[PDB]
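To be precise, the following lines are model34.pdb, and they hold PDB, C-alpha atoms.
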ATOM      1  CA  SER A   1     141.328 165.673 -52.896
ATOM      2  CA  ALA A   2     140.768 163.908 -56.191
ATOM      3  CA  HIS A   3     143.714 165.890 -57.542
ATOM      4  CA  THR A   4     146.179 165.309 -54.716
ATOM      5  CA  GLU A   5     145.227 161.638 -54.395
ATOM      6  CA  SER A   6     145.828 161.278 -58.125
ATOM      7  CA  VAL A   7     149.338 162.700 -57.720
ATOM      8  CA  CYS A   8     150.113 160.031 -55.127
ATOM      9  CA  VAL A   9     148.528 157.182 -57.089
ATOM     10  CA  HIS A  10     150.598 158.093 -60.145
ATOM     11  CA  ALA A  11     153.748 158.424 -58.032
ATOM     12  CA  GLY A  12     153.355 154.877 -56.700
ATOM     13  CA  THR A  13     152.815 152.931 -59.918
ATOM     14  CA  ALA A  14     156.524 152.648 -60.734
ATOM     15  CA  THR A  15     157.124 150.630 -57.540
ATOM     16  CA  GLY A  16     153.706 149.021 -57.074
ATOM     17  CA  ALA A  17     153.182 151.203 -54.012
ATOM     18  CA  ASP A  18     149.743 152.020 -52.592
ATOM     19  CA  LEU A  19     150.302 155.707 -51.873
ATOM     20  CA  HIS A  20     147.816 158.175 -50.396
ATOM     21  CA  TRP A  21     148.112 161.899 -49.765
ATOM     22  CA  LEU A  22     149.293 162.965 -46.305
ATOM     23  CA  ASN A  23     148.893 166.708 -46.891
ATOM     24  CA  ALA A  24     149.101 169.135 -49.795
ATOM     25  CA  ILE A  25     150.040 172.792 -50.230
ATOM     26  CA  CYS A  26     149.328 175.399 -52.886
ATOM     27  CA  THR A  27     152.645 176.843 -54.080
ATOM     28  CA  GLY A  28     151.391 179.336 -56.667
ATOM     29  CA  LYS A  29     148.489 180.280 -58.904
ATOM     30  CA  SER A  30     148.072 176.719 -60.196
ATOM     31  CA  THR A  31     150.915 174.664 -58.683
ATOM     32  CA  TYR A  32     150.796 172.499 -55.583
ATOM     33  CA  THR A  33     153.003 170.086 -53.667
ATOM     34  CA  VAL A  34     151.727 166.808 -52.217
ATOM     35  CA  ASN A  35     153.316 164.645 -49.558
ATOM     36  CA  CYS A  36     152.461 160.973 -50.094
ATOM     37  CA  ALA A  37     152.944 157.864 -47.974
ATOM     38  CA  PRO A  38     152.197 154.150 -48.353
ATOM     39  CA  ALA A  39     148.908 153.050 -46.835
ATOM     40  CA  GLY A  40     150.827 150.733 -44.493
ATOM     41  CA  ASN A  41     153.316 153.324 -43.207
ATOM     42  CA  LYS A  42     152.148 156.925 -42.782
ATOM     43  CA  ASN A  43     155.669 157.814 -41.596
ATOM     44  CA  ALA A  44     157.321 157.190 -44.988
ATOM     45  CA  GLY A  45     156.439 160.426 -46.713
ATOM     46  CA  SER A  46     157.681 161.499 -50.126
ATOM     47  CA  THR A  47     157.135 164.811 -51.904
ATOM     48  CA  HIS A  48     155.571 165.200 -55.355
ATOM     49  CA  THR A  49     154.314 168.156 -57.379
ATOM     50  CA  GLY A  50     151.188 168.812 -59.402
ATOM     51  CA  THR A  51     149.535 171.564 -61.395
ATOM     52  CA  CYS A  52     145.852 172.378 -61.705
ATOM     53  CA  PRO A  53     144.286 171.990 -65.157
ATOM     54  CA  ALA A  54     143.947 174.911 -67.536
ATOM     55  CA  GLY A  55     141.474 177.520 -66.342
ATOM     56  CA  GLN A  56     141.783 176.532 -62.675
ATOM     57  CA  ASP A  57     143.728 177.878 -59.712
ATOM     58  CA  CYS A  58     145.030 175.959 -56.725
ATOM     59  CA  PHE A  59     142.667 176.225 -53.763
ATOM     60  CA  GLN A  60     144.104 175.566 -50.305
ATOM     61  CA  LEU A  61     141.977 173.538 -47.869
ATOM     62  CA  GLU A  62     142.442 173.017 -44.136
ATOM     63  CA  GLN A  63     141.598 170.282 -41.620
ATOM     64  CA  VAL A  64     140.819 167.698 -44.309
ATOM     65  CA  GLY A  65     140.769 164.112 -43.087
ATOM     66  CA  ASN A  66     143.294 161.976 -44.946
ATOM     67  CA  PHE A  67     143.465 158.209 -45.447
ATOM     68  CA  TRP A  68     144.827 157.650 -41.926
ATOM     69  CA  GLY A  69     142.234 159.901 -40.261
ATOM     70  CA  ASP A  70     144.520 162.868 -39.596
ATOM     71  CA  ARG A  71     143.191 166.361 -40.348
ATOM     72  CA  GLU A  72     145.647 168.064 -42.678
ATOM     73  CA  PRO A  73     146.080 170.813 -45.252
ATOM     74  CA  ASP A  74     144.893 169.683 -48.676
ATOM     75  CA  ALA A  75     144.786 171.267 -52.107
ATOM     76  CA  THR A  76     142.164 171.165 -54.818
ATOM     77  CA  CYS A  77     141.553 173.037 -58.074
ATOM     78  CA  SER A  78     138.881 175.696 -58.562
ATOM     79  CA  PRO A  79     137.813 177.752 -61.593
ATOM     80  CA  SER A  80     140.222 180.670 -61.860
ATOM     81  CA  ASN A  81     137.311 183.137 -62.103
ATOM     82  CA  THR A  82     135.970 182.130 -58.670
ATOM     83  CA  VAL A  83     139.085 182.659 -56.538
ATOM     84  CA  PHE A  84     141.598 185.416 -55.838
ATOM     85  CA  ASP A  85     145.166 184.451 -54.990
ATOM     86  CA  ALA A  86     148.730 185.726 -55.009
ATOM     87  CA  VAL A  87     152.201 184.911 -53.725
ATOM     88  CA  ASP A  88     155.156 187.277 -53.332
ATOM     89  CA  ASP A  89     156.772 186.963 -56.767
ATOM     90  CA  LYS A  90     157.848 189.368 -59.472
ATOM     91  CA  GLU A  91     154.624 189.432 -61.495
ATOM     92  CA  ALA A  92     152.519 189.649 -58.384
ATOM     93  CA  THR A  93     151.187 193.184 -58.152
ATOM     94  CA  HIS A  94     152.989 195.172 -55.452
ATOM     95  CA  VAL A  95     151.545 198.366 -53.958
ATOM     96  CA  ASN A  96     152.861 200.260 -50.921
ATOM     97  CA  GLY A  97     154.639 197.174 -49.583
ATOM     98  CA  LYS A  98     151.626 194.925 -50.167
ATOM     99  CA  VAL A  99     151.085 191.987 -52.505
ATOM    100  CA  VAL A 100     147.768 192.444 -54.320
ATOM    101  CA  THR A 101     145.631 189.961 -56.245
ATOM    102  CA  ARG A 102     143.893 190.439 -59.570
ATOM    103  CA  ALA A 103     140.914 192.812 -59.395
ATOM    104  CA  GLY A 104     137.438 191.908 -60.558
ATOM    105  CA  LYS A 105     133.712 192.295 -60.129
ATOM    106  CA  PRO A 106     130.895 189.831 -59.425
ATOM    107  CA  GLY A 107     128.080 189.689 -61.936
ATOM    108  CA  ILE A 108     125.269 190.063 -59.413
ATOM    109  CA  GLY A 109     122.904 192.930 -58.666
ATOM    110  CA  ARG A 110     122.707 195.067 -55.551
ATOM    111  CA  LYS A 111     123.499 192.597 -52.770
ATOM    112  CA  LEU A 112     125.320 192.214 -49.478
ATOM    113  CA  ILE A 113     128.567 190.328 -50.065
ATOM    114  CA  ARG A 114     131.397 189.045 -47.885
ATOM    115  CA  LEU A 115     135.049 189.440 -48.913
ATOM    116  CA  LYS A 116     136.700 186.353 -47.398
ATOM    117  CA  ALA A 117     140.458 185.898 -47.501
ATOM    118  CA  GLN A 118     143.185 184.177 -45.515
ATOM    119  CA  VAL A 119     146.973 184.125 -45.569
ATOM    120  CA  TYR A 120     148.892 180.859 -45.600
ATOM    121  CA  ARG A 121     152.371 179.736 -44.630
ATOM    122  CA  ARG A 122     154.691 177.820 -46.939
ATOM    123  CA  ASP A 123     153.590 174.655 -45.106
ATOM    124  CA  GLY A 124     149.981 175.230 -46.206
ATOM    125  CA  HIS A 125     148.533 176.110 -42.792
ATOM    126  CA  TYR A 126     146.912 179.389 -41.831
ATOM    127  CA  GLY A 127     149.618 181.978 -41.239
ATOM    128  CA  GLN A 128     149.862 185.548 -39.979
ATOM    129  CA  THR A 129     150.276 188.900 -41.705
ATOM    130  CA  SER A 130     150.907 192.334 -40.243
ATOM    131  CA  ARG A 131     148.238 193.793 -42.537
ATOM    132  CA  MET A 132     145.675 192.415 -44.997
ATOM    133  CA  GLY A 133     142.580 193.840 -46.622
ATOM    134  CA  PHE A 134     140.882 194.732 -49.861
ATOM    135  CA  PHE A 135     141.012 197.396 -52.529
ATOM    136  CA  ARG A 136     137.861 198.799 -54.114
ATOM    137  CA  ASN A 137     138.140 200.537 -57.486
ATOM    138  CA  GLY A 138     141.907 200.394 -57.172
ATOM    139  CA  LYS A 139     142.134 202.085 -53.758
ATOM    140  CA  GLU A 140     142.720 200.539 -50.350
ATOM    141  CA  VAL A 141     139.436 200.860 -48.455
ATOM    142  CA  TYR A 142     139.690 198.140 -45.781
ATOM    143  CA  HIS A 143     142.498 196.655 -43.731
ATOM    144  CA  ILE A 144     142.951 194.525 -40.633
ATOM    145  CA  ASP A 145     146.184 194.038 -38.721
ATOM    146  CA  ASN A 146     147.966 191.023 -37.243
ATOM    147  CA  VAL A 147     145.576 188.304 -38.374
ATOM    148  CA  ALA A 148     145.353 185.152 -40.446
ATOM    149  CA  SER A 149     142.043 186.046 -42.090
ATOM    150  CA  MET A 150     139.454 188.693 -42.948
ATOM    151  CA  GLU A 151     135.738 188.562 -43.717
ATOM    152  CA  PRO A 152     134.230 192.069 -43.938
ATOM    153  CA  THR A 153     130.796 192.502 -45.476
ATOM    154  CA  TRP A 154     129.935 195.091 -48.113
ATOM    155  CA  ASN A 155     126.816 196.347 -49.879
ATOM    156  CA  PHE A 156     127.892 195.603 -53.427
ATOM    157  CA  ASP A 157     126.466 197.997 -56.008
ATOM    158  CA  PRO A 158     127.367 197.409 -59.685
ATOM    159  CA  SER A 159     126.962 201.099 -60.535
ATOM    160  CA  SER A 160     129.567 202.216 -57.973
ATOM    161  CA  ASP A 161     131.773 199.128 -57.404
ATOM    162  CA  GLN A 162     133.869 198.440 -60.511
ATOM    163  CA  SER A 163     136.403 196.073 -58.922
ATOM    164  CA  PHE A 164     137.733 194.499 -55.746
ATOM    165  CA  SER A 165     141.115 192.955 -55.007
ATOM    166  CA  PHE A 166     142.719 191.440 -51.921
ATOM    167  CA  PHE A 167     146.105 192.309 -50.432
ATOM    168  CA  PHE A 168     148.430 191.065 -47.714
ATOM    169  CA  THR A 169     151.781 192.044 -46.253
ATOM    170  CA  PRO A 170     154.317 189.266 -46.918
ATOM    171  CA  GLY A 171     156.390 187.911 -44.080
ATOM    172  CA  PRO A 172     157.832 184.747 -42.551
ATOM    173  CA  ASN A 173     154.278 183.502 -41.881
ATOM    174  CA  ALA A 174     152.507 184.901 -44.967
ATOM    175  CA  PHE A 175     153.410 183.291 -48.295
ATOM    176  CA  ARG A 176     150.076 183.123 -50.138
ATOM    177  CA  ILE A 177     146.737 184.934 -49.964
ATOM    178  CA  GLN A 178     143.514 183.252 -51.072
ATOM    179  CA  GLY A 179     140.142 184.954 -51.225
ATOM    180  CA  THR A 180     136.594 184.729 -52.512
ATOM    181  CA  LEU A 181     133.520 186.917 -52.821
ATOM    182  CA  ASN A 182     130.378 185.377 -51.357
ATOM    183  CA  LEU A 183     126.761 186.309 -50.798
ATOM    184  CA  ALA A 184     126.167 187.315 -47.179
ATOM    185  CA  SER A 185     123.296 188.291 -44.893
TER     186      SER A 185
ATOM    187  CA  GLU B   1     108.501 154.584 -32.704
ATOM    188  CA  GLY B   2     109.708 155.297 -36.222
ATOM    189  CA  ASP B   3     112.265 157.732 -34.812
ATOM    190  CA  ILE B   4     115.263 157.964 -37.134
ATOM    191  CA  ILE B   5     118.692 157.529 -35.575
ATOM    192  CA  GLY B   6     121.405 159.685 -37.107
ATOM    193  CA  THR B   7     121.711 163.223 -38.451
ATOM    194  CA  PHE B   8     120.130 165.021 -41.394
ATOM    195  CA  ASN B   9     121.664 168.010 -43.167
ATOM    196  CA  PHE B  10     119.715 169.931 -45.820
ATOM    197  CA  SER B  11     122.260 172.703 -46.456
ATOM    198  CA  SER B  12     122.198 174.540 -49.780
ATOM    199  CA  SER B  13     125.003 175.904 -51.988
ATOM    200  CA  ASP B  14     124.146 179.611 -51.633
ATOM    201  CA  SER B  15     127.470 180.281 -49.870
ATOM    202  CA  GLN B  16     129.430 179.278 -52.979
ATOM    203  CA  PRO B  17     132.081 181.673 -54.334
ATOM    204  CA  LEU B  18     130.791 184.239 -56.802
ATOM    205  CA  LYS B  19     131.929 184.217 -60.409
ATOM    206  CA  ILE B  20     134.328 187.081 -61.108
ATOM    207  CA  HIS B  21     134.778 189.273 -64.177
ATOM    208  CA  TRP B  22     138.357 190.537 -64.116
ATOM    209  CA  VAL B  23     139.328 194.081 -65.081
TER     210      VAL B  23
END
Encoded form using structure tokens:
Amino acid sequence: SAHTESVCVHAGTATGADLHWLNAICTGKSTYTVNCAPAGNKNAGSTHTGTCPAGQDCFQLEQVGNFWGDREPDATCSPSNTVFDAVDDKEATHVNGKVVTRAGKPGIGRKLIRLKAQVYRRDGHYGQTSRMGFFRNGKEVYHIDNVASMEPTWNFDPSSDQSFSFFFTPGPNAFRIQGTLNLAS
Amino acid sequence: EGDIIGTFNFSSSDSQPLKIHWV
């Protein structure tokens, strides 16, 4: 991404190196780690960190083609009011063994929506959780077991739906959850 | 004759994430 490539370009100036991103991983709400390598030797990776600008969260991407043509995890930055995310840390919300994101409401009318979320490993790839789902109005209303992702639909109604949040069950293959609300049909 | 070689894609942005108002 523009952001992860910039991390590599800035990392290479001190040695005149022509570095490009190999892959990149979200490590928190706004932080990410990039692995960089010289254009002439994809094998010579080095690790470097970045942080998304104010008002933006890290957004994990998958199967993004890098400079050498390999499809890899990548990271970009997205407005913090368009993405849900959480890792297992102290000021993550914990409920009944689950890590829960912030809760919020879209500003649309009565519409069918999709609640899309995935869990990710520490290496930035899709992972696996024993249980993941979403809360509505502060209560667990949907869950799905032993998966990397969820995408239930829902007839959103602003009069009855005050908030949604996503949750996952942390484990060796579930470090971060990332979710969005989207129009569906 | 006049057939265009290649691929067109007219996709919209309606699938974009919705803006969220947090509680």
Compute the set of chain A residues within 8 Å of chain B, using only C-alpha atoms, and express it as a PyMOL selection string. chain A and resi 81-83+102-107+163+180-184
Quick one: distance from CA of residue 137 in chain A to CA of residue 158 in chain A in Å, one decimal?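 The value is 11.4 Å.
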Expanded to explicit residues, what is the PyMOL selection byres ((chain A and resi 14-25) around 7) for this file, as a ChimeraX atom specification? /A:4-5,8-9,11-13,26-27,32-39,60,66-67,72-75,123-124
Selected residue, from A:76, A:160, A:178, A:130, that lies nearest to residue 56 in chain A when counting only C-alpha atoms: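 Result for the nearest residue to residue 56 in chain A: A:76.
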Which residues would end up in the selection if the PyMOL selection byres ((chain A and resi 97) around 10) were applied here, given that I need the answer as an MDAnalysis selection string? chainID A and resid 94:96 98:100 167:170
Provide the CA of residue 118 in chain A to CA of residue 152 in chain A distance in Å, to one decimal place.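 Spanning CA of residue 118 in chain A to CA of residue 152 in chain A is a straight-line distance of 12.0 Å.
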Please, what distance in Å, to one decimal, runs between CA of residue 136 in chain A and CA of residue 54 in chain A?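 Interatomic distance, CA of residue 136 in chain A to CA of residue 54 in chain A: 28.1 Å.
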Report as a VMD selection string the residues that result from applying the PyMOL selection byres ((chain A and resi 88) around 8) to the structure here. chain A and resid 86 to 87 89 to 90 92 99 170 175 to 176
